[PDB]
Amino acid sequence: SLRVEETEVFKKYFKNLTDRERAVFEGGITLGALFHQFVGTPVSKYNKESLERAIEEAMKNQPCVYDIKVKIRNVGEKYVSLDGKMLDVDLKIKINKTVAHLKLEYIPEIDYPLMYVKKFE
Amino acid sequence: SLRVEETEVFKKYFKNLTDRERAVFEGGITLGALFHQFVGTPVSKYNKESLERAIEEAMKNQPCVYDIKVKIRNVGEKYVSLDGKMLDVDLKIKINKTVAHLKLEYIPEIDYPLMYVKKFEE
Amino acid sequence: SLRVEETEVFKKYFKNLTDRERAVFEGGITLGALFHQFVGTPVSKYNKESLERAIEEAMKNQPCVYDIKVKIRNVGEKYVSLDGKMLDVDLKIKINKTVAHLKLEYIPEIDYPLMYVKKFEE
Amino acid sequence: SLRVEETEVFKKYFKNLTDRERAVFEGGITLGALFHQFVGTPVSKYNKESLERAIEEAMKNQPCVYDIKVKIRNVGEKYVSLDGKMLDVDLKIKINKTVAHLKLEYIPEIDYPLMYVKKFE
Ligand SMILES: Nc1nc2c(c(=O)[nH]1)=NC(=O)N=2
Ligand SMILES: Nc1nc2c(c(=O)[nH]1)=NC(=O)N=2
Ligand SMILES: Nc1nc2c(c(=O)[nH]1)=NC(=O)N=2
Ligand SMILES: Nc1nc2c(c(=O)[nH]1)=NC(=O)N=2
């Protein structure tokens, strides 16, 4: 693997963290990165699928990302600027034997695109 | 279609420009938009193609975009944040019978990712 | 100055445009750039002014920007992600003796954050 | 406080995490968000100070951000697009009594803008 997280120098900066702490830290980075990188992107039914695929594949690059699935909700025939409330993301981060499952989704009750941890394996 | 630029309300805001002025204005918006939307995006050989394709299809949504081709240069096995100097873009804007062909490419002599107009068809 | 648009290499890429065409092309670049760079940024009354000022100064770097004023509308005590429909921008582009005045503003009738040219000053 | 993270609904999504896990999760979001929001921004000596201040004030809005300091390195008279390797960020996240101190900085040895946790209190 040519991934930077495999290097000894990278690893030395995470000796103060548990594997669970590392997993959610890395998960947080990726969800925050995803949101801010892509919000604003013109999106319509025409490019929905290509956008979803590109976001998944782009973010897969980042440290410790094991798998990811991206859905864009409420996409219309007329294009709009992507907004955070339209994102529905499932993310898996793997740190050694620990897998964190994280979620980005719109929570109506707080009118907020919330990022959180679903569960650990 | 449902495209915003077809509405009479949209059109009334551009009665003060020539078709060449409009084409170049719209082309400028789209090149600025794509640079600033996508710079920063993680890119490797893994996602080079889906990223190129998604940029093309996203930008096609915008007013008056006739066609667009996006190439990301110097992509390796190891990922990097997309930077503007890696972009090589050919864009076509159509206003009535006027077509502006615009370019985004790296100019080594000024170390600059330059946006310009390649040619018109009128 | 050290501004890239002052170099001969840069200039040689714009021989095919009138000054008005060049002004609106550069204006389109800056508006598209501003919109896509900053949409998404957390904004509340807390940081409204610093964001407005940072956007103005950042965009002043770009080729041929003469002046810019950025207002963010509908900012509350609670933060939101900056949305394009909240931007109200007046931009001046100067090419030799030509000044293009451009606008970004929300048009309720088409539910669209519209970029257009107000006027030229010659 | 009108902050969303103070609401009961928000809080119920984090019962599965320790305060340290929460702090690094929230810290990770803000650093990934900051990087991807601002990378690409035109920056020169002219607007360096206003850009740093705006980044600091913007990101302070986010859940659980206690304090933040943003420095942009190697800024010249001629503008460049902000590059992630130019960022030098110190970030404090507070969850109840737990404070996590996080860092974004360029690590020459792996040519990487690394995000990591410096320490907890
Ligand atoms: N738990 C969190 N969820 C978020 C967030 C954050 O800082 N924390 N920004 C966001 O858009 N969703
Ligand atoms: N002609 C121009 N080329 C540019 C630019 C601009 O404002 N004008 N930004 C950029 O990245 N390339
Ligand atoms: N005239 C235009 N106004 C726009 C636009 C575009 O491509 N053209 N995108 C946008 O957000 N506002
Ligand atoms: N520890 C990490 N540091 C990062 C990163 C990531 O996913 N993890 N992206 C980045 O630019 N710096």
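Determination of this PDB entry was carried out by X-ray crystallography to a resolution of 1.890 Å, according to the record.

Here we look at the packing of helix α2 (residues 19–38) of chain A against helix α3 (residues 48–60) of chain A
Residues and elements named next belong to chain A. At a closest axis distance of 11 Å, the pairing of α2 and α3 adopts a crossing angle of 140°. In this view, α2 runs oblique relative to α3, as classed from their interaxial angle. Crossing hand, α2 versus α3: right-handed. Counted together, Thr30, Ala33, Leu34 and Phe38 of α2 and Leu51, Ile55, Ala58 and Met59 of α3 form the full contact between these two elements.

Focus on the interface of chain C and chain B
At the junction of the two partners, chain C supplies 33 residues and chain B supplies 34 residues. Here chain C meets chain B over a buried area of about 2900 Å², counting both sides, of which 70% is carbon and sulfur. Contact with chain B buries surface across chain C, with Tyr13(C), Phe25(C) and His36(C) losing the most and accounting together for 21% of the total. Across the chain C-chain B interface, the total number found is 2 salt bridges. With a closest N to O distance of 2.8 Å, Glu21(C) and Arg20(B) form a salt bridge. Linking chain C to chain B there are 10 residue pairs in polar contact. Of all the elements in the fold, those that place two or more residues in the side of chain C that touches chain B are α1 (8–11), α2 (19–38), β5 (98–107) and β6 (112–121) of chain C. Top contributing element to the side of chain C that touches chain B by residue count: α2(C), with 10 residues.

A few points about the UniProt feature "binding site: substrate" in chain A
Residue and element names in this part refer to chain A. If you check UniProt for "binding site: substrate", the listed places come out as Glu26 and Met115 in our numbering. Spanning 90 residues, the annotated positions come together in the fold, the maximum distance between their C-alpha atoms being 12.7 Å. Residue placement: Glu26 occurs in helix α2. We classify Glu26 as buried; its relative accessible area is 3%. For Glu26, the contacting residues outside a window of four places in its chain are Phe10, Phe14, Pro63, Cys64, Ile93 and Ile95.

Criteria and cut-off values
Residues numbered from 1 in each chain as written, not as in the entry; some residues may be left out. Chains lettered and ligands numbered in written order. Heavy atoms only, no water. Axes fitted to C-alpha atoms, helices over the stretch in contact; angles between N-to-C directions. Helix = DSSP H or I, 4+ residues; strand = E, 2+ residues; numbered from the N terminus. Parallel < 35°, antiparallel > 145°, perpendicular 65-115°, else oblique. Left-handed = near helix turned anticlockwise from the far one by under 90°. Contact = heavy atoms within 4.5 Å. Buried area = accessible area lost by both parts, 1.4 Å probe. Salt bridge = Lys/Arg side-chain N within 4 Å of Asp/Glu carboxyl O. Polar contact = N/O pair within 3.5 Å; in protein donor to acceptor, adjacent residues only side chain to side chain. UniProt positions renumbered as here; feature names shortened; annotations may be inferred. Buried < 20%, exposed > 50% of the residue type's maximum accessible area, 1.4 Å probe, protein only.

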